[PDB]
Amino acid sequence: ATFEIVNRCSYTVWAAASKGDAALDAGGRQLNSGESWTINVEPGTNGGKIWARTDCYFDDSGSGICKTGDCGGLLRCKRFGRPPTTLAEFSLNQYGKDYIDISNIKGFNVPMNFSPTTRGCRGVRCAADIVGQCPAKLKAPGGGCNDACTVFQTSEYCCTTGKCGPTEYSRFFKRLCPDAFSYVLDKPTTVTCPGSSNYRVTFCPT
């Protein structure tokens, strides 16, 4: 399956794509404002994620640091990124269906739309000004809006026991972005798409 990853933000981002134990495609790429990156994700991939990283610095070998979403200091990510990261999440070809979502469970850094480019389902979007509105205790000065599990490391935010409720923090993300996951046991906002759909992830869709 093909994903087109498009930066509509006025600022450069460093896109990233991983399934946690490996890169997806080339794993990461600088996207100046307006640029697009086309990747192929193997059919059947479970638990893939795409995100943006902000304010990155790399040496000529592709090692450095990003203010948000850093993946072990690499340009070409092979592992998931450090919160806060708005996440486009997907599992493909699962018994004939694809499943897509946006999640704020690992915080928010850049607004996102995640839509099919083929027929048969809708997209989802989280494009509110979460960073500007972020609760003080969740603000990353490094940049972004952390999730409460990252900040507080409690069983309730992290959903450690498998049971948790919404929280004052999760409900902030949910109020602004109803279409994205706000905590582990949120009512799912997963969209079921035809198996083998193709997609576009747009940063700063507005």
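Position 1 is the first residue in the sequence shown; the rest follow in order.
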statement: Comparing 113-121 with 82-90, the higher average Cα temperature factor in the PDB entry belongs to 113-121
task: Would you mind comparing 28-36 and 158-166 for me and telling me which has the higher average C-alpha temperature factor in the entry?
output: 158-166
Most elevated Cα B-factor in the entry, residues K49, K137, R171, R53: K137
query: Split the chain's modelled residues into thirds by Cα B-factor; is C71 in the lowest, middle or highest one?
result: middle
task: Going by the recorded CA B-factors, say which third of the chain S63 sits in, lowest, middle or highest.
output: highest
- request: Could you say whether, by C-alpha temperature factor, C145 belongs to the lowest, middle or highest third of its chain?
  value: lowest
- request: Could you look up the Cα B-factor of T190 in the entry and say which third of the chain it sits in: lowest, middle or highest?
  value: highest
- request: Just say lowest, middle or highest third for the CA B-factor of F108 relative to the other modelled residues in its chain.
  value: lowest
